[PDB]
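# Structural overview for review
Spelled out, the chains give:
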Amino acid sequence: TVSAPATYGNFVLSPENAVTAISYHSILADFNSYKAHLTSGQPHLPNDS
Amino acid sequence: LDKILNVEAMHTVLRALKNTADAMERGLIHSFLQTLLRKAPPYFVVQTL
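Residues numbered from 1 in each chain as written, not as in the entry; some residues may be left out. Chains lettered and ligands numbered in written order. Part of a larger assembly, values for the part shown. Heavy atoms only, no water.

## What about the overall build of chain A?
Secondary structure summary: chain A contains two helices and zero strands in total. Principal axes of the C-alpha set define a box for chain A whose edges measure 45 × 30 × 15 Å. Within the span of chain A, comprising 49 residues, buried residues form 12% of the whole. Accessible surface, chain A: about 4,500 Å² in total, of which carbon and sulfur atoms supply 59%. (Helix = DSSP H or I, 4+ residues; strand = E, 2+ residues; numbered from the N terminus. Buried < 20%, exposed > 50% of the residue type's maximum accessible area, 1.4 Å probe, protein only. Areas by Shrake-Rupley, 256 points an atom, 1.4 Å probe, with all protein chains shown as cover.)

And the structure:
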């Protein structure tokens, strides 16, 4: 009896992503997370979205 | 990202309506000036009369 997932995942866009999608035609996942990690100097991310 | 376009369409409609109303006022001004320029004899004519 495999315990397979029951539902599709979902990947909402960030309100910060809406700006770089318009001015730069580009989206770097979790733009709010990279700002905090570069502020904190921490090199590693727990997960890549 | 979609609400941005939903609002931008509304703003484009408002702009295309305000500018057309203003063009209408300026065209009314223009036409009332065109009317006088067709009913306005030159200076020397009126002076001779």
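## Focus: the pattern of salt bridges
Residue and element names in this part refer to chain B. Taken as a whole, this structure holds one salt bridge over all chains when the rule is applied. With a closest N to O distance of 2.6 Å, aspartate 22 and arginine 26 form a salt bridge. Within this pair, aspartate 22 and its partner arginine 26 are both found in helix α1 (residues 2-38), separated by four residues, close to a single helical turn. Residue class for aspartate 22 comes out partly exposed when judged on its relative accessible area of 32%. (Salt bridge = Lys/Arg side-chain N within 4 Å of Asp/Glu carboxyl O.)

## Things to note about unusual backbone geometry
Residue and element names in this part refer to chain A. Positive phi outside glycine occurs at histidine 25, with the angle close to 55°. Residue placement: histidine 25 occurs in the loop between α1 (17-23) and α2 (31-40). Backbone geometry at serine 49 places phi at a positive 65°, although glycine is not the residue there.

Structural measurements only, silent on function.
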